[PDB]
Amino acid sequence: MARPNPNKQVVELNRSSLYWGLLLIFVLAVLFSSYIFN
Amino acid sequence: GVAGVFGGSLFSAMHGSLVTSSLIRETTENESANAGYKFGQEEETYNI
Amino acid sequence: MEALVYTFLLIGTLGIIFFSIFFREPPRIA
Amino acid sequence: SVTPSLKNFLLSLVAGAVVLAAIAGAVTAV
Amino acid sequence: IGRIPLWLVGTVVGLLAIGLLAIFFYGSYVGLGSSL
Amino acid sequence: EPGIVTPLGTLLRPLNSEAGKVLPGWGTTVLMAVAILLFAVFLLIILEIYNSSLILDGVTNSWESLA
Amino acid sequence: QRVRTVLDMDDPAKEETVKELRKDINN
Amino acid sequence: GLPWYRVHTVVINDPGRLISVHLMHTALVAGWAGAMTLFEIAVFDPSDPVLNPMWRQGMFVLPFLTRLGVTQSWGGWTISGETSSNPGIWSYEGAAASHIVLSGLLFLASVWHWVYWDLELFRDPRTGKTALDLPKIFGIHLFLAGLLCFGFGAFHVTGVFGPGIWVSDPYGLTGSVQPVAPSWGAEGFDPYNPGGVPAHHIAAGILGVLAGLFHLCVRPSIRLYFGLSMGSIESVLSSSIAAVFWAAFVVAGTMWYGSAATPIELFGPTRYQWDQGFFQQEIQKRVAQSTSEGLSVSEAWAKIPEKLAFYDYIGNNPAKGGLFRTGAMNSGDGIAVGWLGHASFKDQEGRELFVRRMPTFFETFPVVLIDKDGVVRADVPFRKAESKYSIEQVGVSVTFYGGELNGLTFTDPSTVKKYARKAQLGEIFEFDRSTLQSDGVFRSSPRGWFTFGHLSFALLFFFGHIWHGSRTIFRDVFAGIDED
Amino acid sequence: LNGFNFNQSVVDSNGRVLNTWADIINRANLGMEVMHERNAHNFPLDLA
Amino acid sequence: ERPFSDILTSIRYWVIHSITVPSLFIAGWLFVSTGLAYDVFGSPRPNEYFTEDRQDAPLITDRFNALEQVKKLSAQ
Amino acid sequence: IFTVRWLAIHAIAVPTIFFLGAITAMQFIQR
Amino acid sequence: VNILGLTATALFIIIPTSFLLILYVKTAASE
Amino acid sequence: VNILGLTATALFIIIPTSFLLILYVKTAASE
Amino acid sequence: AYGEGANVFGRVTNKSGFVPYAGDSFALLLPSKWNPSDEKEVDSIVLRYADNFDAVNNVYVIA
Amino acid sequence: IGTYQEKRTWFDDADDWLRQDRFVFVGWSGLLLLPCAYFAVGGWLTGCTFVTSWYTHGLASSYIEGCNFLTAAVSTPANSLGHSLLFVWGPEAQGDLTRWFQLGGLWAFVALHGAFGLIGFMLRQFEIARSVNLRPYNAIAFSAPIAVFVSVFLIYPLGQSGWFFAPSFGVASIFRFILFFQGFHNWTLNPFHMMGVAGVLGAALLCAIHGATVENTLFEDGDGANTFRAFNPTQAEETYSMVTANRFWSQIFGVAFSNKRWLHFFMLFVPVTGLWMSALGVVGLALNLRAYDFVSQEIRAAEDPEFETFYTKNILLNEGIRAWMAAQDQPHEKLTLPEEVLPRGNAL
Ligand code: CLA
Ligand code: CLA
Ligand code: CLA
Ligand code: CLA
Ligand SMILES: C=Cc1c(C)c2cc3nc(c4c5[nH]c(cc6nc(cc1[nH]2)C(C)=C6CC)c(C)c5C(=O)[C@@H]4C(=O)OC)[C@@H](CCC(=O)OC/C=C(\C)CCC[C@H](C)CCC[C@H](C)CCCC(C)C)[C@@H]3C
Ligand SMILES: CC(C)=CCC/C(C)=C/CC/C(C)=C/CC/C(C)=C/CC/C(C)=C/CC/C(C)=C/CC/C(C)=C/CC/C(C)=C/CC/C(C)=C/CC1=CC(=O)C(C)=C(C)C1=O
Ligand SMILES: CC1=C(/C=C/C(C)=C/C=C/C(C)=C/C=C/C=C(C)/C=C/C=C(C)/C=C/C2=C(C)CCCC2(C)C)C(C)(C)CCC1
Ligand SMILES: CC1=C(/C=C/C(C)=C/C=C/C(C)=C/C=C/C=C(C)/C=C/C=C(C)/C=C/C2=C(C)CCCC2(C)C)C(C)(C)CCC1
Ligand SMILES: CC1=C(/C=C/C(C)=C\C=C\C(C)=C\C=C\C=C(C)\C=C\C=C(C)\C=C\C2=C(C)CCCC2(C)C)C(C)(C)CCC1
Ligand code: OEX
Ligand SMILES: [Cl-]
Ligand SMILES: [Cl-]
Ligand SMILES: [Fe+2]
Ligand code: NA
């Protein structure tokens, strides 16, 4: 539209979603490490 | 028991998808749909 | 060498569990 | 040449058109 | 329009259903599929 | 505010100038359906050939076809 | 040369051979 | 604010940034293609294209480089076996460097389209608000796609201008890149005929020109425009994703069942060749022929090329590996050194015993020897107790024809058992196991990994198609329902 | 108390035993039986 | 409207269906008792599983000749 | 009458009663 | 696979952890 | 040192870059 | 396809659990339940019959 | 439509006839859903009652034989047929319905018509959610059962030797298929399968615990000990105490839900992700890409008799399953394994 970009958006990640992401990634590690090491 | 856990997944997806199907508009496409729900609010958040 | 990795991953998941229990965002009534 | 496999397949395509025509009859005859 | 009670109809159809299931459990001990 | 005037942009402007304009009613949807159903028949032909539920005289449908 | 000795030679090794899958009407 | 799974939606209504991200993704993909060609050339060993072929090395992108014509290398070798005298500019490393350069150019173009997103080209003049003429743009792209398909099918693969494609024999013996004439008949739909590829691409390209012209001229109808929501970029996203997993099923099934566009010399043998005894048929047929005219079983087994016996080995199946058995087949069972020879097992009294070959489903299979007529005669027994089929009392002796061991006969039960256990896996081989520190367990082919990746990606893209079509049909109720 | 036992449930008029899906389950069950606790057994019937 | 409360409690419904329900039951009985099920659905009769030729489970072992092979292997 | 409800309930009831008679018939088939 | 598995596991921990911690620190910095 | 050196270099690239990206994204979020 | 009625209310054909079988100059009562097998355990077996689950229970003659 | 004239046509008349309140919503998708679903269900009920399995597998799978509910099935066709579509007009049957039934064509009928009935049902979910103007999360949820169905009954037999190795439609046949995946594939050890198990058991946990929490944190609205009469259809207040529920689970479990929308999205998310992971794992198994072995533990157990683990016990049990089930389950291989060579422990 103008010289600046009109679609300027902010991203959000609450501490709860941080906790789901960390559990998810670490659980994928616990699950899959035995198989990657094989 | 197998029917119980298969129906548990059935009805969990069913009820979650019906509640998520009938969510009421408070937010925009910018904000996640959960941001339309406020903790401790009196009004019901979906159309039963 | 592998038991080190498994032990680290397990205590990492437990640490994230501890932080999620006792260090959550406090819900507000409003 | 028209293999009998081809012949059965073409009559099956005819039959599918017949089923669609009957479905049209069901939707127009309420 | 309702000249036979709905509960009476339901009890009779339940009786036929139970008698049918009893026949099905009986026939597993005799004839085909009866391990004998 | 008008955007950035460009030589190649003004070149490709007419190809993307008439956005959102249509023909009334149905148009060529019947001929589209003929295209759909002929494609379905052709695609089912080659599916049955590779599944060999349809036999043709010249089609070996096996590795000896590479001979 | 003959198609019967090949059939009897490949019967003991693998039984899903395509020649055991074709033209065994009379077998 | 925006959730993490929604951030890329910032380029929905900005065509400049959309072209920028398409360009950047194109740069990443081309840079990967070049980087992987370089990695595979670095881990490639072309010293043995008969017993250490390229599909035994875990090479993924070099089969696709070779399938279209790139067979020469700047390294002084050609994978077909010859010595690269004049490879030219288009070697394996040549295509790799070209992909890296193209990725750099596309990164520069993505930077430019990120900065200069406000192009007046993206503005509809009638209202001044940004838009896309999606039917017309689709028509243009279909015109270009059809023209490119026709050019590739009439010029490259036919050999009038390009090099053709990789064509081999049915049994995968020699193999080379040659031009293939188009097949316009019913034979052109034979999926193993290489003549289908030029004829198909010519016809599909011509039809692409015709459909692109129709789409450049004819506008969509109003009620179809509102039914399919043709003015929305997410609708075309969903329809394209549908076409993409459709093509993913098609290429995955093509790779798995085998076709002329999946040659075994590049992608490995299929599961069904071992299941249906294809190479085994050829081996004992080339034995029966030329045994029928003298030169008995002591000889003419060396007439069997070492390629057919190598293709007749369960370790070359793509359905015999594991999901976490990572890497090359050589890293699994060792590098094949040489064919030890066809082992013929015989009883004490005169009957010949054949080893029951291993079916694909089994990871462990018991060792049995059966006669011609189909009666079990000997075995390597698990119990060995109150038993009368064991080797030490049946009296089985093993002989060799046409391999590393020629004419040798072994009667010691231990070596008889080990040769029977190896003949269980098909033709017996020596493997140098010390070169890659091979563990011993079987692997999957590039064909097998290709099918797995594309089928899993295909189901994930089926869900993506459903979700995106859902978003297009239900765009107005995304934040919730209308309350009234 | 165990699950249902449907082995040799169907027989023909001449008394031959037809295999059944329950009999395929029985075959897999035997494979699961004999291999489990391979050295712990000294006697045929596994009453213990 | 007939909300399923006056239609299953109606003698008009019950008289007409006192013949169709057990006529259907008798027809299903005769379909099994007269062997028409054996004939149309391909299931062999309890006394016709093994013939004089074979004494084991039949095997199809062919695809395009499967029709006449299962013809020759079945009980006619 | 002959409604959509009629046809949809008949398609699932008429073969059902026919089949129930069928199973009840074979339930007394001896060997 | 004993060192390659180790570096794969370390990568798969650190990289998504880095991504999510970008987003969380960004979010919490806005009060 | 052929794969241990690779994982050492990989972690040296990732951990300080990730820390710096935390801080920079945190800053650029707040104007 | 031959049109014949089924078996109901007419008593069972065989109940004694045994079936006769005639071979090369020998007649015996085979187990009605046992399945025949084609594996010639010995090079001189005329008929071999074994139980459906286990091949432990097997009966065969030699000639 | 949209302030235009748009004179009516046969499409609009048919659309208005289809999209209206009836006893059963038919819709456009019902042109597919109703016949395909009726034929799949009726074909299964027909095969479980009359259609034999004596020629495709050498088994018994119909009520006319003597099988009950748990044991009857519609059996997959013979391995010889491979992945043939088993059309009644095709080469194997040649138009003849009777010998089509006994050659195994009914499995292909039930599978193809069941797939198209599933497509028709998801299109029905899309259509009904559009007509009532609701978000299509019910169809997004149903995406996972179709993913499981296609990966199990279509992708896996297409990857293996043929439809014979697909699950036959029937309870004991499904159990055979399950024990087959145990013995041949070690599907218990597969990370994608155990993700599916975690998803299904977690979805059951969420279902049970949301039900109990809601049913135990109600508001009064009473003057009657039957709580079920304290609910009215159209109002604007919460029926159970969200804050009390959050407090209870915060003090019992440590963490608790405080967003109703995220709670129900989690109840939606858990079974869908579980079933999708199971689908991906079955697609891996379609190409025999098993997580059968741990190479390090297997080489340690080969180089040490004293190393014994539950995983090695499972490997031995799987060898037992394969070798004791192959001869009777796979007639096409003609596997006449003698009693001699079968694996066997001491006694038993
Ligand atoms: C050509 C394919 C394609 C394209 C162009 C898009 C594009 C889009 N999708 Mg979609 N999607 C696709 C396929 C595709 N999708 C598939 C296959 C699935 C099934 C898994 C989905 C499921 C899906 C959902 C559930 C959602 C979207 C959403 C969106 C929108 C925002 C995406 C976003 O911000 O996430 C950002 C992603 C990240 C921040 C990180 C993701 C990291 C991934 C998970 C792992 C790393 C992948 C690896 C590096 C690359 C390999 C992938 C490749 C081989 C396929 C966007 C327009 C969102 C939407 O609807 O908008 C409102 C949304 O809710 N998609
Ligand atoms: C269509 C995609 C595709 C396919 C089919 C293949 C196929 C193949 N690749 Mg390849 N690769 C790809 C993409 C692909 N690749 C990409 C995009 C890259 C760039 C990153 C690479 C980089 C690469 C390298 C460097 C190498 C290969 C190699 C190989 C060959 C060995 C088999 C294998 O991959 O190990 C097994 C595969 C797996 C075990 C994958 C696991 C299955 C899923 C994805 C589980 C992961 C999910 C889970 C969240 C992960 C958590 C684990 C964590 C705890 C560590 C094989 C033919 C090797 C080779 O042979 O050299 C020539 C080799 O060294 N590839
Ligand atoms: C002029 C540009 C150009 C050229 C000459 C090449 C050339 C080559 N590329 Mg390449 N590539 C390019 C651009 C180019 N690329 C770009 C821009 C990208 C980024 C997206 C890539 C990414 C890429 C990758 C990832 C790979 C290659 C590979 C290759 C090599 C083999 C191609 C192959 O075997 O696959 C065959 C190509 C196809 C099968 C294309 C199929 C087309 C489908 C069917 C389109 C159908 C949809 C369409 C709309 C249908 C229209 C309908 C019709 C009626 C009109 C070859 C040397 C491969 C390789 O071996 O590495 C070196 C490899 O894996 N390229
Ligand atoms: C929602 C309706 C529907 C759908 C989607 C299907 C779908 C299917 N059915 Mg089915 N069926 C239906 C209704 C339906 N059926 C009904 C109502 C009956 C009872 C009459 C049957 C009875 C039935 C049987 C007995 C069988 C199937 C089978 C099949 C499968 C393959 C059929 C096929 O490929 O033929 C192809 C059909 C078409 C391609 C239709 C398109 C016709 C084209 C567009 C027109 C061409 C014809 C035209 C006259 C050509 C001449 C024109 C000339 C003048 C130029 C398939 C998945 C087979 C199966 O189960 O597989 C094992 C099979 O055995 N069906
Ligand atoms: C064994 C498990 C299982 C069964 C039996 C099942 C069944 C059903 N779920 C449905 C719905 C759903 N499934 C859902 C989530 C889930 N469903 C799950 C697991 C199951 N879901 C799981 C695990 C989840 C969690 C993701 C959702 C979200 C929905 C719905 O919206 C819907 C509903 O409202 O539930 C009431 C219904 C759709 C049926 C229909 O008319 O389709 C029409 C198509 C038909 C009938 C043709 C299909 C025929 C099939 C494919 C082949 C034939 C099968 C034979 C008839 C029977 C074979 C039985 C043997 C194998 C033993 C049906 C009641
Ligand atoms: C020495 C050591 C440490 C030993 C341990 C070793 C060991 C055994 C390791 C294994 C552990 C490990 C992590 C393995 C599991 C791996 C595994 C299979 C992972 C699968 C991963 C994966 C991505 C799967 C995808 C499927 C998926 C989404 C699964 C998620 C499962 C999951 C989180 C389900 C929910 C479970 C659960 C407890 C929910 C309770 C929710 C809750 C409290 C609601 C209650 C509630 C209800 C209401 O109604 C209201 C109103 C309120 C308010 C309220 O609160
Ligand atoms: C600038 C420039 C330049 C340069 C360029 C370059 C150098 C480029 C490149 C590049 C590159 C070198 C690239 C690469 C890449 C890669 C990629 C892009 C990747 C990937 C991958 C993926 C995505 C994966 C994933 C996964 C995993 C992780 C595992 C398994 C599973 C999956 C598949 C998921 C030049 C001078 C020319 C010119 C000027 C400009
Ligand atoms: C073959 C075929 C076809 C189709 C057909 C159909 C689709 C039909 C049907 C059908 C059906 C549809 C059937 C049915 C049946 C049913 C039944 C048989 C039922 C049942 C139930 C029971 C028996 C039980 C009951 C009960 C009781 C009583 C108690 C409690 C409850 C319960 C429920 C459990 C045709 C010809 C087209 C052609 C092609 C092929
Ligand atoms: C649940 C239900 C129902 C129902 C059903 C049914 C069907 C029922 C029944 C029932 C019954 C079916 C009853 C009966 C009864 C009776 C009784 C309970 C009695 C008695 C008595 C006594 C105690 C006796 C005595 C004696 C002796 C001791 C000896 C001889 C003489 C005499 C006989 C006197 C319905 C559907 C409606 C609805 C829903 C729910
Ligand atoms: O631990 Mn496990 O498996 Ca119940 O049975 Mn007695 O214990 Mn022993 O044997 Mn059998
Ligand atoms: Cl155990
Ligand atoms: Cl004991
Ligand atoms: Fe609720
Ligand atoms: Na024992």
# chains A, B, ... in the order shown; residues from 1 in each chain; ligands from 1
>>> residues_around(residues="residue 1 in chain B", least_positions_apart="4", cutoff="12 Å", atoms="only C-alpha atoms", output="list in words")
residues 5, 6, 7 and 8 of chain B; 201 and 204 of chain O
>>> residues_near_ligand(ligand="ligand 10", cutoff="8 Å", atoms="only C-alpha atoms and all ligand atoms", output="PyMOL selection string")
chain I and resi 33+36-37+40-41+46-48
>>> write_last_selection(atoms="C-alpha atoms", output="PDB file, in the first residue's frame")
ATOM      1  CA  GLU I  33       3.680 -70.291  23.729  1.00  0.00           C
ATOM      2  CA  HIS I  36       8.189 -67.987  25.884  1.00  0.00           C
ATOM      3  CA  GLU I  37      10.167 -69.208  28.921  1.00  0.00           C
ATOM      4  CA  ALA I  40      11.787 -72.727  32.432  1.00  0.00           C
ATOM      5  CA  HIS I  41       9.637 -75.721  31.415  1.00  0.00           C
ATOM      6  CA  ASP I  46       1.947 -75.571  31.330  1.00  0.00           C
ATOM      7  CA  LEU I  47      -0.220 -75.622  34.444  1.00  0.00           C
ATOM      8  CA  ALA I  48       2.185 -73.474  36.436  1.00  0.00           C
TER       9      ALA I  48
END
>>> residues_around(residues="range 13-29 of chain L", least_positions_apart="4", cutoff="6 Å", atoms="only C-alpha atoms", output="count of residues only")
5
>>> select_by_dssp(residues="chain N", states="strand (DSSP E)", output="ChimeraX atom specification")
/N:18-22,27-31,35-36,45-50,58-62
>>> write_last_selection(atoms="C-alpha atoms", output="short mmCIF file (atom, residue, chain, number, x, y, z; two decimals), in the first residue's frame")
data_model
loop_
_atom_site.label_atom_id
_atom_site.label_comp_id
_atom_site.auth_asym_id
_atom_site.auth_seq_id
_atom_site.Cartn_x
_atom_site.Cartn_y
_atom_site.Cartn_z
CA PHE N 18 -13.72 -92.08 12.32
CA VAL N 19 -13.67 -92.65 8.57
CA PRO N 20 -12.63 -95.72 6.55
CA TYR N 21 -10.00 -95.40 3.84
CA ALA N 22 -8.87 -97.98 1.27
CA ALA N 27 -7.94 -101.05 5.09
CA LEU N 28 -7.99 -99.11 8.36
CA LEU N 29 -9.98 -96.51 10.28
CA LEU N 30 -8.25 -93.17 9.81
CA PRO N 31 -8.90 -90.28 12.20
CA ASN N 35 -5.40 -83.95 7.52
CA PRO N 36 -3.36 -85.84 4.92
CA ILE N 45 5.28 -94.39 2.54
CA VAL N 46 1.97 -95.08 0.79
CA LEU N 47 -0.36 -92.90 2.89
CA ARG N 48 0.44 -90.34 5.58
CA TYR N 49 -2.11 -88.63 7.82
CA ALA N 50 -1.35 -86.07 10.54
CA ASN N 58 0.83 -88.49 12.63
CA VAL N 59 -0.09 -91.89 11.20
CA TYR N 60 1.50 -93.48 8.14
CA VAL N 61 2.27 -96.88 6.64
CA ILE N 62 5.41 -98.18 4.98
#
>>> interface_residues(of="chain H", to="chain N", cutoff="12 Å", atoms="only C-alpha atoms", output="PDB file with C-alpha atoms, in the first residue's frame")
ATOM      1  CA  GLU H 349      21.383 -91.734  -3.342  1.00  0.00           C
ATOM      2  CA  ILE H 370      13.653 -80.203  -1.186  1.00  0.00           C
ATOM      3  CA  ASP H 371      13.730 -82.416  -4.285  1.00  0.00           C
ATOM      4  CA  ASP H 373       8.836 -83.177  -7.100  1.00  0.00           C
ATOM      5  CA  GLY H 374       8.172 -80.985  -4.066  1.00  0.00           C
ATOM      6  CA  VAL H 375       8.898 -83.277  -1.103  1.00  0.00           C
ATOM      7  CA  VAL H 376      11.012 -82.010   1.785  1.00  0.00           C
ATOM      8  CA  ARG H 377      14.119 -84.173   1.894  1.00  0.00           C
ATOM      9  CA  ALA H 378      16.689 -82.489   4.141  1.00  0.00           C
ATOM     10  CA  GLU H 386      14.523 -87.994  17.187  1.00  0.00           C
ATOM     11  CA  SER H 387      14.967 -86.604  13.685  1.00  0.00           C
ATOM     12  CA  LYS H 388      15.623 -88.093  10.254  1.00  0.00           C
ATOM     13  CA  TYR H 389      16.028 -85.086   7.928  1.00  0.00           C
ATOM     14  CA  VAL H 394      20.749 -87.427   4.781  1.00  0.00           C
TER      15      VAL H 394
END
>>> residues_around(residues="range 2-14 of chain D", least_positions_apart="2", cutoff="6 Å", atoms="only C-alpha atoms", output="list in words")
residues 16 and 17 of chain D; 54 and 55 of chain F; 89 of chain O
>>> residues_near_ligand(ligand="ligand 13", cutoff="8 Å", atoms="only C-alpha atoms and all ligand atoms", output="number ranges by chain")
B: 15, 19; O: 210, 214, 260, 264
>>> write_last_selection(atoms="N, CA and C atoms", output="CSV table (one decimal), in the first residue's frame")
chain,number,residue,atom,x,y,z
B,15,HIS,N,-16.1,-34.6,20.3
B,15,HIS,CA,-16.5,-33.4,21.1
B,15,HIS,C,-15.5,-32.3,20.9
B,19,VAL,N,-17.0,-28.7,19.5
B,19,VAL,CA,-16.8,-27.5,20.2
B,19,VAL,C,-16.0,-26.5,19.4
O,210,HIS,N,-12.3,-35.2,31.0
O,210,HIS,CA,-13.1,-34.1,30.7
O,210,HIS,C,-14.5,-34.4,31.1
O,214,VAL,N,-16.2,-32.2,34.1
O,214,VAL,CA,-17.4,-31.5,33.8
O,214,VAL,C,-18.5,-32.0,34.7
O,260,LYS,N,-11.0,-23.1,27.7
O,260,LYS,CA,-11.9,-24.1,27.2
O,260,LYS,C,-11.6,-24.4,25.7
O,264,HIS,N,-10.6,-28.1,24.3
O,264,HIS,CA,-11.3,-28.9,23.3
O,264,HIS,C,-10.4,-29.1,22.1
>>> residues_around(residues="residue 466 in chain H", least_positions_apart="5", cutoff="9 Å", atoms="only C-alpha atoms", output="list in words")
residues 238, 242, 461 and 471 of chain H; 139, 140 and 143 of chain O
>>> closest_atom_pairs(of="chain O", to="ligand 1", cutoff="12 Å", atoms="only C-alpha atoms and all ligand atoms", output="CSV")
residue,atom,partner,partner_atom_place_in_ligand_line,distance
O:137,CA,ligand 1,25 (C),11.1
O:140,CA,ligand 1,25 (C),9.6
O:141,CA,ligand 1,25 (C),11.7
O:143,CA,ligand 1,19 (C),11.0
O:144,CA,ligand 1,19 (C),11.6
O:269,CA,ligand 1,25 (C),10.4
O:272,CA,ligand 1,25 (C),11.5
O:273,CA,ligand 1,20 (C),10.2
O:276,CA,ligand 1,20 (C),9.9
O:277,CA,ligand 1,20 (C),11.3
O:280,CA,ligand 1,20 (C),11.9
